[PDB]
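Shown below, as structure tokens, is a lone chain in the form deposited in one PDB entry; questions about how it binds or moves come after it.
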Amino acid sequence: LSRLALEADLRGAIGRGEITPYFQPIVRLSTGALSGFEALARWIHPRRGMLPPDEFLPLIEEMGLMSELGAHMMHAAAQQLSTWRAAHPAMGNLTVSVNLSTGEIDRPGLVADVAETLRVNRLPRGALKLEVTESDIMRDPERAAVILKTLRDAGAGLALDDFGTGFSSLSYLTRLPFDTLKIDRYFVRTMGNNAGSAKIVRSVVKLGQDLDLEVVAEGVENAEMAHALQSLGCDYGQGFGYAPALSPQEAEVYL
């Protein structure tokens, strides 16, 4: 029924401004302070209401609009970040992250588009971060190494999302210019009653410290998980224990 109607509605949705970022807070465990946001795509359909990425992203992909979606999300994330910095100069280097789907990292013109977005939004280096999964790196490690260095050289921060799943290669990591590792949600939420998950959480945290990478635990559901991560030296946390992806005006309240 709808599987085909959505495609009709989805065409042009990006240009109409219907797919917009929502912002989930990332908090520094040591001080409790807001340190940045992860921007997450949301489709506010005029009829259907808000729809989550799992329901539209696959269709964006089939229609070949992934590149258009990524440019839009990055642009919207960056503009919001600059608008907040102009309204609250007290902040310094509050960051915003954007997720790239598999292969987006190789799209033609990505580096120029990022440089252009940091320029026009007058952002500091590292203010806008790109989150990728290891699929993009295992895919072709040497190529990933080239692309990632040029994105870092252009001013983008870089985060390795969902770390702990799949290979979680210690060797490949030491050669990639990441500045942030994110512990996947599953490990964080089962670390209290799953021995395997507890070992992955501790190792990732210690590994980040040994490699000078900042570590963000994803999926912090409550203050107890928060406190455990803090005791291990984990840098940041994000999850429903703090807040979901917020609309701009709700996110602005944290500033």
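Position 1 is the first residue in the sequence shown; the rest follow in order. Under this definition, the rigid core comprises the largest set of C-alpha atoms superposing within 1.5 Å between the forms.
Enquirer: Looking at the deposited entry, does 86-94 or 106-114 carry the larger mean Cα B-factor?
Expert: According to the entry, 86-94 carries the higher average C-alpha B-factor.
Enquirer: Averaging the C-alpha B factors as listed in the entry, name the stretch that ends up higher: 195-203 or 43-51.
Expert: If you average the C-alpha B-factors of 195-203 and of 43-51, the larger mean comes out for 43-51.
Enquirer: Please pick out which of 38, 61, 214, 218 has the largest Cα B-factor as recorded in the entry.
Expert: That would be 61.
Enquirer: Reading the B-factor column of the entry, which of 170, 127, 137, 74 has the highest value at its C-alpha atom?
Expert: Comparing C-alpha B-factors across 170, 127, 137, 74, the maximum falls on 137.
Enquirer: Please say which third, lowest, middle or highest, residue 15 falls into when its CA temperature factor is compared across its chain.
Expert: Residue 15: CA B-factor falls in the highest third of its chain.
Enquirer: For residue 225, does the deposited CA B-factor place it in the lowest, middle or highest third of the chain?
Expert: Middle third of the chain for residue 225's C-alpha B-factor.
Enquirer: Using the temperature factors of the C-alpha atoms in this entry, rank residue 183 within its chain: lowest, middle or highest third.
Expert: Its C-alpha B-factor belongs to the lowest third of this chain's values.
Enquirer: Determine, from the deposited record, the chain-internal third of the Cα B-factor for residue 120: lowest, middle or highest.
Expert: Within its chain, residue 120 is a lowest-third residue by C-alpha B-factor, going by the deposited values.
Enquirer: Of the three thirds of its chain by CA temperature factor, lowest, middle or highest, which one includes residue 144?
Expert: For residue 144, whose C-alpha B-factor we compare with every modelled residue in the chain, the answer is the highest third.
The next section is about a form of this same protein that is not shown, the form deposited in another entry.
Enquirer: After superposing on the rigid core, which residue out of 139, 149, 125, 122 has its C-alpha displaced by 2 Å or more between the shown form and the other one?
Expert: If I go through the list carefully, the shifting residue is 139.
Enquirer: Comparing between the shown form and the other one on the rigid core: C-alpha of residue 46 shifted by 2 Å or more?
Expert: Passes the 2 Å threshold, so yes.
Enquirer: Comparing between the shown form and the other one on the rigid core: C-alpha of residue 9 shifted by 2 Å or more?
Expert: Where the cores coincide, residue 9 still shows a C-alpha shift between the shown form and the other one that is 2 Å or more.
Enquirer: Look at residue 111 and decide if its Cα position differs by 2 Å or more between the shown form and the other one after superposing on the rigid core.
Expert: Result for residue 111: no, shift under 2 Å.
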